[PDB]
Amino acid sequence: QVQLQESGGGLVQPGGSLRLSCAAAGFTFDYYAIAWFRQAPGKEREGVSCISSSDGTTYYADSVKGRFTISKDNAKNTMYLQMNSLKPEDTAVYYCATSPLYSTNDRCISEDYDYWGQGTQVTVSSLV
C-alpha cells in the first residue's frame, strides 16, 4: 500500500497562481508515468497534463496550454502542477495520478493511472 500526500490548493483571484504537489511514499516517481486530472462541478473528470513515458514528453489539455506546468522532483519524491493565469473555469477538485507503467497514449486518460490523490480543491473567485 502506497501514499500520495497532497499539498496546496485554495481560493485565488483570476490571473493568480497556485502550486499543487503530491509526495510519494512506499515508492518513487523516477520510472513512473505522472498526471493531473480535475473534476469541475457538473462536469466529467478530465486529464489536464501528463508525462506518459521516459521520453519526458508532456501533454496539456488545450484549455491550460501555456498556463500550467507538470514537473517531478526525484530528490523530494514529489510531483507538481504549477498553475499560472487562473480562470473561473479552472475551479475544480485536482487529483495527482501515477502508474508504475508508461503509456504511448498521446492524451491523459484514467485507465493509464493506478495510484490517485484523494483530491485538492482549487477555487477561483474575483470576490476575494
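All residue numbers refer to positions in the sequence shown, first residue = 1.
For the segment pair 99 to 107 and 77 to 85, the entry gives 99 to 107 the higher mean B-factor, averaged over Cα atoms. With 59 to 67 and 89 to 97 compared on mean CA B-factor from the PDB entry, the stretch scoring higher is 59 to 67. Among all modelled residues in its chain, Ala33 ranks in the lowest third by Cα B-factor. Among the modelled residues of its chain, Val128 has a C-alpha B-factor that falls in the highest third, as given in the PDB entry. Among all modelled residues in its chain, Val2 ranks in the highest third by Cα B-factor.
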